[PDB]
Structure formats: structure tokens, C-alpha cells
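So the structure is just underneath, and the comments pick up after that.
Here the Cβ is made from the backbone with ideal geometry for all residues, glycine too, and neighbour counts use every protein chain on show. Read-outs throughout are calculated quantities, based only on the coordinates presented, and are distinct from any laboratory measurement.
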Amino acid sequence: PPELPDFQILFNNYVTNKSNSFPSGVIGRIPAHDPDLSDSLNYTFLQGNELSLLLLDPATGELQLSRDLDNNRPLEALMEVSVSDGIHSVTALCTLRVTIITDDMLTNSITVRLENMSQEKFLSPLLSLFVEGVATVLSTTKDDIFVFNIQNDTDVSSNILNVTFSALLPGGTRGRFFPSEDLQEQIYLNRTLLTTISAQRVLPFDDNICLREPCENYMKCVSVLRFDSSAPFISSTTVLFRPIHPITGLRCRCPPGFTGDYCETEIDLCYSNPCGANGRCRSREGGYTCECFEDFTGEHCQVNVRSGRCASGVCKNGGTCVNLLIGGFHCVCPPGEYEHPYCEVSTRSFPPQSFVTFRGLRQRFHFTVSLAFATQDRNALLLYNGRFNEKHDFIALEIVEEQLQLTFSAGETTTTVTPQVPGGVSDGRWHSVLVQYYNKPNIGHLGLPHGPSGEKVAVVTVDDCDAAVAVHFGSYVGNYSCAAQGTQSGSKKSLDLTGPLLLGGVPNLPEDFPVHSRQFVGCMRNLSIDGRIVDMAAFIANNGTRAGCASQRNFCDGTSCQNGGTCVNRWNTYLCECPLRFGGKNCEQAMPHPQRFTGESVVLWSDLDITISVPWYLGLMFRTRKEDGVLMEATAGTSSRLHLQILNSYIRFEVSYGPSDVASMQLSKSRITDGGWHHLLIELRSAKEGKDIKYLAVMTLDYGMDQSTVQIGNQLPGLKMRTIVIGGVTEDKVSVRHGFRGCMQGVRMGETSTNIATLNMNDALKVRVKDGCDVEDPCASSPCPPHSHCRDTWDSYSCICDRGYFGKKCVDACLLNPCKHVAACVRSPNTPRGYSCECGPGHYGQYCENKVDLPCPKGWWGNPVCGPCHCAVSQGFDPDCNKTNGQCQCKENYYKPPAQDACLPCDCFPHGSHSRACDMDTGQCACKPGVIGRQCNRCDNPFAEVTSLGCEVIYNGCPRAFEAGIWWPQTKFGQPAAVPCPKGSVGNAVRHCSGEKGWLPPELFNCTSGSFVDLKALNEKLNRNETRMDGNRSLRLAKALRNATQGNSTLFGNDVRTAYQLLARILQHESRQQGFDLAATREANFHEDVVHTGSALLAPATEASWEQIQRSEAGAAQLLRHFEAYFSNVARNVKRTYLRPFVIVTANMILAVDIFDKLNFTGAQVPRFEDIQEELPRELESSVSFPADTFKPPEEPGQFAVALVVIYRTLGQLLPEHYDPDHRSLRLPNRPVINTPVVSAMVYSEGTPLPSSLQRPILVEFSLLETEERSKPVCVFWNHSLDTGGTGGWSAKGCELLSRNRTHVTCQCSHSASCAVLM
Ligand SMILES: *[C@@H]1O[C@H](CO)[C@@H](O[C@@H]2O[C@H](CO)[C@@H](O[C@@H]3O[C@H](CO)[C@@H](O)[C@H](O)[C@@H]3O)[C@H](O)[C@H]2NC(C)=O)[C@H](O)[C@H]1NC(C)=O
Ligand SMILES: *[C@@H]1O[C@H](CO)[C@@H](O[C@@H]2O[C@H](CO)[C@@H](O)[C@H](O)[C@H]2NC(C)=O)[C@H](O)[C@H]1NC(C)=O
Ligand SMILES: *[C@@H]1O[C@H](CO)[C@@H](O[C@@H]2O[C@H](CO)[C@@H](O)[C@H](O)[C@H]2NC(C)=O)[C@H](O)[C@H]1NC(C)=O
Ligand SMILES: *[C@@H]1O[C@H](CO)[C@@H](O[C@@H]2O[C@H](CO)[C@@H](O)[C@H](O)[C@H]2NC(C)=O)[C@H](O)[C@H]1NC(C)=O
Ligand SMILES: *[C@@H]1O[C@H](CO)[C@@H](O)[C@H](O)[C@H]1NC(C)=O
Ligand SMILES: *[C@@H]1O[C@H](CO)[C@@H](O)[C@H](O)[C@H]1NC(C)=O
Ligand SMILES: *[C@@H]1O[C@H](CO)[C@@H](O)[C@H](O)[C@H]1NC(C)=O
Ligand SMILES: *[C@@H]1O[C@H](CO)[C@@H](O)[C@H](O)[C@H]1NC(C)=O
Ligand SMILES: *[C@@H]1O[C@H](CO)[C@@H](O)[C@H](O)[C@H]1NC(C)=O
Ligand SMILES: *[C@@H]1O[C@H](CO)[C@@H](O)[C@H](O)[C@H]1NC(C)=O
């Protein structure tokens, strides 16, 4: 017995006018298998195939494509197949799909490699999954995906595949494909999501061929894919697929912002003055920013704040715009961390393992980055950016050893820049960083920079710092390196950053990044790029970042320090600076008198009785600046060194019992040698683990502001502190080693801080003890050189040397003339930067490096920055443009009419005007006395004529004038004049110089156009019953006609007759065809061609033609008959051909074809303007209503019906003025007018035919052309079978007015024909 699995066939046909890639012969067989090896199975089709789409071998089951399949048309169909062994029968389904490939398709196409998945599961049943995962990632429908190639990518033996495909841009606008870079970025971002949804190991993207930079100058290298060859069908068990082989190549394009034959020159976009008077323009690579002034906002600062009103997008992040009653508006921010007046986010905090992802940088040569940060870690990452491969170009900025460092590589070498700031920057206070990168140009021999040089310069600045003086001669000035610079040279000309922007720490990828650190903790704010400030809320990714900075809250609020306590805010807390003799959090303790120590004072306690117990507290209060020395040495037990020093400006605390070192703990996390007051407390605490008792050594610095708890491990406990010493190192109580210097306050000892067991200063140790703490003023000597302000800092000072001076020597920089280009250095009495650079004319800027080349070059205009004129030369405009305004002026000989956007030549008559140039707009020549007309072409006397001497009254016929191009010659009365058709036309134009009105309106019926000369010759033979017409000739004639009819031109009477005859012949032939013999099945655009030709033919400008044309043929009548018969055949064969529903819109024609499910159709409005997204003019907003009972029966094939509706806009007034002669049926009003577009709706039901007369009427909703309401409508239909006019006519029988509002008129009709409302 057998079995078969439902299967599909995919034919990817790359149709071109050059290659007949259509395969022939055997392509495959039914995927039929049977364990029995003796039976001869019978292969027959049951249903589906009706027009022989596929040729089947009944015996072998071989499948062959039929010849009718060769066209540029996608298709889908479902076939039923039966297999029989002679005793049992099974059925199966096969879905056939044909997809067309174009050149625009192969241009926008990308390839993505997959690991461990060869041609065994990607051409079996999982391809659907991929074409979905891709849809979900792209947020698009599965139809937009078009996978056209899947070939074995086993370069050598590796399990890797190679799928190349393309995508359609969502939006409904046909013809748009995703740019390659857009696809690349969109695939790269949601990679893990795709991995999860599609269950596969997606491989990363590899480097491109442009790595070697083979292109020249400022160009751009892009890899592209073109057609190479076609392969036969690859067979599986479920799918027979035909692949198409591409081949790679390169292409160089000029990026914007550059000009020249090699784009070697750059353009400042601010020359166009976009900000206007309400702002100032900042240039940037390929763009500009506005510092647009106060009370003005908007992308072009086109919106006023105080006097404006609500506008879309001004209230960001969902802010509700409320219009103030007196003008202006307010953006109500939603409750959250949003900043007025625009509800933005600027400050963020970063806990461990949290990072954000923004958009990457795309600037090629020059850029600037700046931000502000605050943290405490010695080593941490700040910023990184690179490529997908994590190689070649990359940049990164970090903090190492409390010093900023920038490391970057342009693909060749790594370079580090390290400005030095005294005291570090890891103090928890906010700091700002600025970085600039730019490339020097190749200065040409003529002084013109020809392309970019090989020198790349990076500059780093930290906080307030002068860059020029630093970089040049900071060392010569003294110690001043707050800024730094690095330089690179190499063959590469540009810096490429493919990857996105990250912040706060790299994602924990297995690939190591070229970075010293790996993470970061802390707060940042104001990430400004090129002046523009980025909103923190507008992030692309977020792996744990939380908005705001909680540690920087003003904690002094709501807190009241005690007597003398001054509140200050500190990291995550506050601190009350207490006066002397007061302390304890909020100054809640009294301490004994402080003592001043100068390297010789040491105190000690002994002769004490203490037993090992729990707990114990040792508290001290200190302030100093020494970076070493013993603050407290306590020999617990035998020789248990409790070494509490300030080693290397950090509180170190060793505990070493006996001859062994046991434990230690340091406070390197905080430098405490600042000289400020600090309290510390040793805590000996218990901890019962199981049965044993351990201890714990918690020192709390500043009442637990800091706290470190060394686990006192089993060796350490049981050893209480026996001897206590503070002051330094001493053993013979005479010589002092490492004596302490500074100021210290009272001492706490015992189980609790409240255990005030005063040790009697008078008792114990009294050696070198100086009462008090006051110190002689170091600034009394006043040692800084002049221009100084000495400031005592508690046993230290520093020259706050006067402004305008720099470095340790505090020297004026203006003396060392940093101003460039021989510019004078003038030091104003008050200068924010201390000095100024006075410069001569022709140079502007802070250092006046910039220079203006006025006058600007030819075609270049702008002050003080030149810019292109951008004049439209093709429209007769002079290329030269206003050197101030920038307005383009037309070339001489021309004048631009007010209603026309192109200046046309004046074409004045030399004998009629004193001058020759005609006035602007009006185009009036310098008319001499006696002559009138816009071109001075008419004497006042209808009998006087123009000669060199003026308007002389000639006697004998129209003269020799130039009116209307024709030098219409002398002619008598009654006699016409036939002269050769005007220039560009052939035939014989005739005019009659009538005795009454002179020249009659010329009869151009004979005049034929050059475009129709071949067409006229081709028409002549056709009506002679000679040559015979065929489908291919039909297609070629349709295409030629559409081309000759496109554009705007005065179609002629012989031309309109020819067009009518040709359309009639074509439609008559098309009505005679059936099945695949219809030209419809071979072409896709024939519908568009015919509808466009029809719309062009019915142009209103031919009314004067039409009234003539109308006395010759029926015209619109037989044309409409041809149309309806054609569409009837289309409806009869649509299901056979499987044509997809479609709507065609032209300025005067609407065509809609749609397919409904019979069993589920519940009425609808047609054409589906709800489903129509194209911009619809308000007049065209009519409708046709099918009620829900349309399909419902009046009170397996035949499940789908079709509906086609055609709307003719102006056809009604185009029709001959013919009305029903029966006065009884039609009472003719005084001025009846067809006021509605003609609608032809046709519903076709497969199977049992519906009655010819619609047993259930259809609804139609029209609009009106003119809006006057002075009379009444009648819903009529223009019959064709009616004897009125032979071609039928308007009649009210069977249709009447149901409803009428001020904008719509709804009538009902029981016929599927042409109907309209005679309003
Ligand atoms: C990665 O995948 C996510 C989906 O998991 C993509 O998010 C989608 O992004 C678009 C564009 O921002 C969103 O469309 C817009 O949504 C907003 C809010 O509803 C709406 O106001 C706009 O009119 C528009 O519809 C879309 O909602 C969002 N999510 C979904 C369900 O698709 C994301 O684009 C992908 N790319 C990245 C960032 O890696
Ligand atoms: C395979 O199936 C077809 C379709 O049933 C068979 O065609 C029939 O042939 C017999 C004569 O042998 C006619 O009497 C029938 O009317 C035919 N049926 C149709 C609808 O065509 C064909 O004979 C079968 N072949 C085998 C292998 O038995
Ligand atoms: C986002 O951050 C989290 C941590 O908050 C990351 O999770 C860790 O990732 C590493 C590397 O895979 C693992 O070794 C850890 O076990 C993970 N959790 C812990 C406990 O840190 C996560 O990987 C980051 N981003 C993503 C989604 O990759
Ligand atoms: C970072 O951005 C903020 C934006 O708020 C700046 O704060 C403003 O600074 C200006 C100029 O001093 C003041 O007029 C505003 O009132 C400030 N707004 C407030 C209250 O935040 C801030 O100066 C920028 N710089 C840094 C490094 O913080
Ligand atoms: C492709 O390579 C894989 C390697 O596993 C192999 O199994 C498969 O049969 C190959 N297909 C063709 C047609 O080369
Ligand atoms: C300046 O820097 C040098 C580096 O060797 C250092 O020796 C000197 O003490 C510094 N001077 C000061 C105090 O700024
Ligand atoms: C530019 O236009 C202004 C305003 O019409 C005019 O004053 C100025 O002379 C023009 N400059 C030239 C000569 O193009
Ligand atoms: C062509 O033949 C038809 C049918 O006899 C006739 O009506 C028509 O006038 C003929 N056309 C010419 C002018 O050859
Ligand atoms: C369309 O007609 C014009 C005028 O004869 C001709 O120049 C042009 O090449 C034609 N284009 C096509 C598509 O045939
Ligand atoms: C025809 O006229 C329209 C008017 O909108 C115009 O847009 C179009 O460019 C014209 N085409 C020509 C020049 O034939």
C-alpha cells in the first residue's frame, strides 16, 4: 500500500528579454513511494487542472511545465492528485507557485550563512519557518519575503548553507526594496530573537571586498550582486526548487555633501540660511543644526512657543498638548522622570552588568563627542564602538588608575591618548569629556586641497582647559596637561564604524573586546553628539539600565544638623560638618580637646585589665595629610600587630598574631588624606557558627558611611587587644619614629561608645603634647609670584593665580601669542578666557583661521560662506544667480507667465515693437502705436495691417501675418487657404480668411503629428481588409499606442479617429479569444496600457474636437460595449487564470477587480476604498454597496465569485446630448445635466449562472460635480439595447432615488450595466 506527502513546487523565473531560461524536458516526478516493489501505480489528476497548466506522464509520473507558463506574471494554484495500486486509492495536494525575478530584485539582495544545516532541512519543510522568523523580525507579511537562491555552501567540508533573498519595503508603495545596509543592520540587531523564534544557529556577517579600499578619493565602495547563470531543478522528497546563481561585484558612488568630477570639495549646508533670522546655523557632516533662538522651536524652528499652538510632535514622549487660552501651549508630561518643557530624559544610572544600545555613528572623517559622568571605580569602561567582526577599526574610552584614557585604531595600529588631571577624577564628582577627530587635507600645488591627506588627528579635553596652549607648550609653562592630542598615518583614508553605539559596558560576548576593563557602575548625563543632545528614553536596547541617578539626590532636605552642623550632600547620603567638640552623625556627641601633632608627639596606654569577651569598640577622630605613619599600633596578645596606618594615603589595618601574619584589610577604596575631619570605629563582634564562636572586625568610617568587615577567622579570635599606641612608631619612649602630623580629637574605648571611661589626659602618657590645634598661616609668607591669591588649606596652600595667567609660574598666555596667522593678541581687562585674538579683515573665527573667497566662484553664491546656485538650466534659466538673495534668473529672450513655472521665449514680432524683450509675466512686447495683442500682433483696425512703417490700411485680403505660427498669406473673401501644417506636423492645415472675422478657427483635422506619421501609415492599411491581426501584433500596437499617447499634447481629429478605430479592433479581437489564447495571460501591463490610453482619449480639451467626432461615430457607446464585453470575458476566465485582485487608478478612470468567497460574503463597498490607500480626490469618493444578502439565496466549484467595477469620471458630459424621446417616460427639464461619474458594476458567479436581471438590487452612492441644489435628480441608466440612438440611452426604468444627503446620492439598480444620476 502507498502514501504521499502534500507538496509544493516553486518556479523562480528570472525573466529577461535576453535569456530563455525556461526549462524543458523532464524536471521531476510525483514524490511517490511504496514498500511494494511489484505494483504499477496509476498517476492521475482528480481536480485542480482545468487548462493543462502541467503536463503529466500517467505511467512514470513525470511532470513538465506547459508552454503557457512563459510570461512575466506571478501565480499560485492548488492541484489534487490521485495514486492507485489497482486495489487502493489515495489522494494528495500540491501547491504550485511561480515567482518573477527582475534586475531591481537582484540589485537589492543579501545573503546570510547558516551553520550545521545543509540541503536536507532547508529544502525539506523548515523554509516556511525561516520565511516567518524573517517576517517577524522585519515586522512584515510573509508575502514581502522572496527567497530566490539556496545552494550547498560546503566550501570544503563544513556544514554551512548560503541563502540569498530580498525584501519589499512596507508601506504599500510598489517598487521599493530595503537598502542593503538597512537589511544588514535590521538583521544584526534582533539576532538572538531570530535565533529563538526560528531555532537555528545564525552565523555572523563576514568582511566585505571593500576592506582593501580600492576605490578613489571621497567615493564610496558598495558590493552588489548580478546575474550569473541558472541551474536545473534540485530535487528532494517534498520540494522541487530551481535556483538562480548570482555573482558579486563592486560599485563606487559619490556620497552627498561633495562636489566635483571626483567629489574632492565639500559644501557647507548652512549657506542656504535655513535658520533664518530666528536662529543660527551649525554645520555638520551632511547636515546642520539650529541654535534657533528663544520662543522659537521646531526642526527648522518654524514654531513659536509663546504665541503658537499645539503642533504634532512638539510635546515629546506622550506629553499632552493643552492650548493656553491666551496663545501658546503646555506639554503635560506623563508622571515620570521627564524634563520640562518637552518631557525629556537626560540622566541615567548604571548598576553592574547593565548597558544600553543607541544608533551607531556614521560620520566618515570628522566628528565631535562630549558627555558628563560621575563614579568612583579606579578601573572601569566608558565607551566603545567597533564592527561586527570586532576587528580593524574601533574606538574606546576608559578610566584606568583614576585617569582618563582614549584608545583607538583605524585598522592598522592602536593609539592611546592620556591627559593627566591632578588628584584623579574618581572622586564621585561630575566631570565632562570632549573628543574631536578630523583628517588633514592634501593641499594642492594651486593651494586647493585635493582630497584628504593621510594625517588623522584626535584631541581629548577634560573639563575646563585651554587646548592650544596645553598641546603646544604646556610643559614649558609648567605642570598643565589637562588636554592631549594623538596622530595617525596610514594608507587607509577613512574611518569605518559599521557597528552600533553602546554605553555603560560591553555586552558579555564570548569574543574579547580590545578593552582593559569589562564593565562600569555610576551615573552619566548630557550625551551630546555634534551639539545635538540625545534623549536617554529614545534607546534601541536596554539590558538593565534605569533612568535617573538616585545616589545624587539632595539628601540634606528634611534633615536638621545640630549646633553648628552644616549640611552637605555626598554620594548616596549627607554629612553634617560639625564644629569642634561636637560630632556624631548630626553633631550629637562631645569630644575632648584636640591635639596638634608634628612628628614628635606620641601617646600610649598600658597597665590595663581586659579579658577576651564580646563586643569591643575602639573609636578615633582624626584629620591629617601624611601619606604614611602609624596611626594606631596595638599588640593584641603576644605580638598581634594591629597596624592601623595611612600607608600610601590609605587606611591599612593588619592583624598579625605572634610570629605569624594572620589577616589584613585596607581602605584603598577611599583616599582619606584630604585633611578633613573623619571618625572611625573598630567593632569586635561575635558570630556563632554551629557550636564555635568566631569574631568579626567591622571598622565603620564616618558612622558607617564606609564600613569594611573582615571575618575574624578562628586563629584571630580569643586574642583581645592588649596594648594601645597612637602617634607613630616608638619603643624607647624617647625617640619617635614615623611620628604623626596633623590634628586629632578625643578617643573612645570599651564595649559601647557611651562607655565613657575617660583615661585622664593628666594620667597615662603626656609627652610632646601641645594643647590646641591652631596653625600659623602658611599664606603669611605669601609665596606665589604676582597676579596671585594665596589661600590657606590647613597646612597647605595653592596659588589661585590671577586669571589670564597659566601654569605653576602663572604666566600670561597672551604674551606667548597663541593667536595664529600673525593675529594680534589683545588682553581685555575682563576676558572670560583671559585674552582675545584681534585679526584683520578677510579672516573670521576665534583664531581667524577661516578665510572668505569673495567674490564666490562662478555658480557659487553666499556670504560669508559660498554655496551652489543650483539653477535649473534645462528650463532656460541663467546659471548665474543673485550673489546675495540667491534667486535664480531666467535667461534673456524669455518671460515666465504667472501661472506657468517655466519661462517661455518672448517671440515678439520685430516689426511691431520698438524693443524686442517682452515684459515679465504679461509678455507684452513694446507695442508701437496702432498695434495691440500680447505679442503686438493685431492692428486696432481689423483691416489695417502691419508693415515696417506701421499699421497701414491694406485693401485686398488678410495680409501676411504670423498669428498662430502660420504666415497665413494673402487671401481673398470666400476663398480658404490650405498651407503646409505647422512645424513638427505634416498634412495640410487649412484656414479661411472669412470676410467677417478674418481668419476662421483653423481646421487641424487634416494636420497629423510626427509621432503618428508611422501610426497613420499603419492605420491606413488596416481598414483595407488586407493584413491580418494577431496577438503579438496586438501587444506591440498597444505598447506603441500607449507611448504615442502618453504626455500632454493636442490629439488631432485624424488621430482621434485612428485611436478609436484601433481600440475598437483590439477589443473586438480580444472578445473573440478564450482560455489562454487571451493576451491577458501573456502580459501584466496590458490592462494599464489600455486604461491609460482610454483616459487620455477622453480628455475634456477635445470637446471642440468631440462635437465634430460625435457626428461620425458612436464613440463612447461602442467603446463602452467593447469594455463591458471584454470585462465579461475577463470575469468568465478569472478563476481559470487565477488573476489576483487589483485596482487601477488614472486621472479619469477607475478599475477594480476583486474576488469574494461566496459562502462568506456579507456585502461590502466597491471599489474597496477602505482597502485603497492611494490618495483619492474627494470627488472620486463614490461607492457601490453589496448588502449582506447579496450572496444569500432569495427567500466544490462555486465557492468564489468575482466583482469588477469601472468608474468613468467625465464620460457623461462627453456623451452626445441624447435623451429618451418618450415624453411620458421622461419629462425633459429645461437644463438636464449628467452630474455623476458613470459606474459599471458586474458580478460573476461560477457554476449556476445568476439571473440576468439582478433579483436583489445593488446600491450605488454617487457624488456631485456642481454643488447647486436648484432642481431634482433622476437615477437613470444608459442602455445599449434601447432603440434610442441605436446604442441605447438614458432611462429611469428600473432605477430610482433612495436617499440624498448634502454630499451623496444613493440609488438602487437591478441591472449590472452603466448607470448614472441625471442631476
Ligand atoms: C526588534 O524587534 C522588535 C519587536 O520585537 C521591533 O519592535 C517594533 O518596532 C516598531 C518600530 O518602532 C514598532 O512600530 C511602532 O510602534 C509604536 C508603538 O506601538 C507605534 O506608535 C508606531 O506607530 C509603530 O507601530 C513596533 O510596535 C515594535 N514591536 C513590534 C510588535 O513589532 C524592533 O523594531 C526590532 N528591531 C530592533 C530594535 O532590533
Ligand atoms: C489509469 O486511470 C485511468 C483513469 O481512470 C484509466 O482510464 C480508463 O481506461 C479505461 C479503459 O482501460 C476506460 O474504460 C475508462 O473510462 C478510463 N477512465 C478515464 C476516466 O479515463 C486507465 O485505464 C488507468 N490505467 C491503469 C494502469 O489501469
Ligand atoms: C544582560 O545582563 C545580564 C546580567 O544582569 C547578563 O546575564 C549574565 O550573562 C553572563 C554571560 O552569558 C552569564 O555568565 C551570567 O550567568 C548571566 N547572569 C548573571 C547572574 O550575571 C546578560 O547576558 C546580559 N545580556 C544578554 C541578554 O546577553
Ligand atoms: C547638562 O544639561 C543640563 C540640562 O538641564 C544643564 O542644566 C541647565 O544648565 C543651564 C545653563 O547653566 C541652566 O540655565 C538650566 O537651568 C539648567 N537646567 C537644569 C536645572 O538642569 C547642564 O548645565 C548641562 N551640563 C552639565 C555637565 O550638567
Ligand atoms: C551538500 O553537502 C552536504 C554535506 O553534508 C551533503 O550531505 C549534501 O548531499 C550535499 N548536496 C549536494 C547536492 O551537493
Ligand atoms: C610636575 O610634574 C612633575 C613630573 O615629574 C613632578 O615631578 C612635579 O613635582 C610636578 N609639580 C607639581 C607639584 O605640579
Ligand atoms: C539681488 O536681489 C536684490 C533684491 O531684488 C537686489 O537688490 C540685488 O541688487 C540683487 N543682486 C544682484 C545684482 O543679483
Ligand atoms: C471589409 O469587409 C467587410 C465585410 O464584407 C465590409 O463590411 C467592410 O466594409 C470591408 N472594408 C473595406 C473597406 O475593405
Ligand atoms: C515614444 O515615442 C517617442 C516619440 O516618437 C520616442 O522618441 C520614444 O523613443 C518612444 N519610446 C518608446 C518607449 O517606444
Ligand atoms: C502634463 O501636465 C501635468 C499637469 O500637472 C504635469 O504635471 C506634467 O508634467 C505634464 N507632462 C508633460 C510635460 O507632458
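A few remarks follow.
- Karplus-derived 3J(HN,Hα) values for region 93-102, using 6.51 cos²θ - 1.76 cosθ + 1.60 with θ = phi - 60°, are 10, 9, 9, 9, 9, 10, 10, 8, 10, 10 Hz; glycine and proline are entered as x.
- Burial order of peptide ranges 258-270, 817-829 (average beta-carbon count within 10 Å, highest first): 258-270, 817-829
- GluC sites (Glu not before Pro) within region 172-263, DSSP loop, no more than 15 other Cβ atoms inside 10 Å: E216
- Between region 711-746 and region 311-357, the Cα center-to-center distance that results, in Å: 58 Å
- Within region 549-665: Cβ-based charge dipole about Cα centre, in debye rounded to nearest 20 (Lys, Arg +1; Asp, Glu -1): 440 debye
- FRET efficiency, 1/(1 + (r/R0)^6) with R0 25 Å, evaluated for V521 and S649 via beta carbons: 0.60
- Protection-proxy order for peptides 365-377, 140-152, 1166-1178, each taking the mean of Cβ atoms within 10 Å per residue, highest first: 365-377, 140-152, 1166-1178
- The residue among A1313, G742, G584 whose Cα reaches farthest toward the positive pole of the charge dipole of the chain, with charges on the beta-carbon of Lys, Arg, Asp and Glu, is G742.
- In straight-distance terms, cross-link reach from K733 covers every one of the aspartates and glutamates whose alpha-carbon lies under 17 Å from its own, apart from those fewer than eight places away in the same chain; here that gives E600, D607, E633, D763.
- Farthest toward positive dipole pole in the chain [+1 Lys/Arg, -1 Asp/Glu at C-beta], among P841, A372, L680: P841
- For region 265-332: relative contact order, % (alpha-carbon pairs under 8 angstrom, 6 or more apart): 19 percent
- Whole-number D in µm²/s for region 347-552 (Stokes-Einstein; Kirkwood sum over Cα pairs; 25 °C, 0.890 mPa s): 136 µm²/s
- For the pair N863 and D228 in one chain, pulling the backbone fully straight at 0.36 nm per residue adds 223.3 nm over the alpha carbon distance.
- Filter on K720/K766; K891/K983; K858/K891; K585/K688; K220/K456; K493/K883 - keep pairs with C-alpha separation over 27 Å: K585/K688; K493/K883
- Under Karplus coefficients 6.51, -1.76 and 1.60, residue-wise ³J(HN,Hα) of region 1188-1194 in Hz, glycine/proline x: 4, 7, 4, 6, 4, x, x
- Taking amide H atoms as placed 1.01 Å from N in the peptide plane, the amide H of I712 lies under 5 Å from those of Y695, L696, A697, each 5 or more residues away in sequence or on another chain.
- Loop-located trypsin sites (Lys or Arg not before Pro) in region 1084-1142, at most 16 other Cβ atoms within 10 Å (DSSP): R1111
- Across region 1038-1047, computed HN-Hα scalar couplings (Karplus, 6.51 cos²θ - 1.76 cosθ + 1.60, θ = phi - 60°) run 4, 5, 4, 5, 5, 5, 6, 9, 5, x Hz from first to last residue, x flagging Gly and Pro.
- For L1282 and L93, a Förster radius of 41 Å and the Cβ-Cβ distance give a FRET efficiency of 0.25, rounded to the nearest 0.05.
- Part-to-part distance (alpha-carbon centres) for region 792-819 and region 1234-1288, which is given in Å: 95 Å
- Summed residue charge, Cβ within 11 Å of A944's Cβ, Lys/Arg positive, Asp/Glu negative: -2
- Inter-part distance where region 377-404 and region 486-517 are each reduced to a Cα centre, Å: 7 Å
- Mean Cα-pair separation over length for region 1082-1181, i.e. relative contact order, pairs under 8 Å, 6 or more apart, %: 23 percent
- Debye, to nearest 20: dipole size of region 717-829, +1 on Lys, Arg Cβ, -1 on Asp, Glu Cβ: 400 debye
- Counted residue by residue at 0.36 nm each, then reduced by the alpha carbon distance between them, the extension gain from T141 to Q707 reaches 197.9 nm.
- Sites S491 and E952, calculated FRET efficiency, Cβ-Cβ separation with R0 56 Å, nearest 0.05: 0.10
- Within a straight-line Cα-Cα reach of under 23 Å, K1135 can be paired with the following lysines, leaving aside sequence neighbours fewer than 8 residues apart in one chain: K1158, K1192.
- For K391, the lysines whose Cα falls under 16 Å of its own Cα, not counting residues fewer than eight places away in the same chain, are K492.
- Dipole in debye (nearest 20) - region 591-771, about Cα centre, beta carbon charges: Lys, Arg +1; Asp, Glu -1: 240 debye
- Net charge of the neighbourhood of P786, taken over other residues with C-beta under 15 Å away and scored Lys/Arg +1, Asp/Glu -1, is +1.
- Available extension along the chain between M1029 and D771 is 80.3 nm, counting 0.36 nm per residue and deducting the alpha carbon span.
- Taking a sphere under 11 Å around the Cβ of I399 and counting the other residues whose Cβ falls inside, with K and R at +1 and D and E at -1, yields a net charge of -3.
- Amide H contacts under 5 Å for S664, placed H, 5+ residues apart: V655
- Amide H contacts for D706 (H built 1.01 Å from N in the peptide plane; partners 5 or more residues away or on another chain; cut-off under 5 Å): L701.
- Per residue convex hull volume, Cα atoms of region 1069-1162, in Å³: 124 Å³
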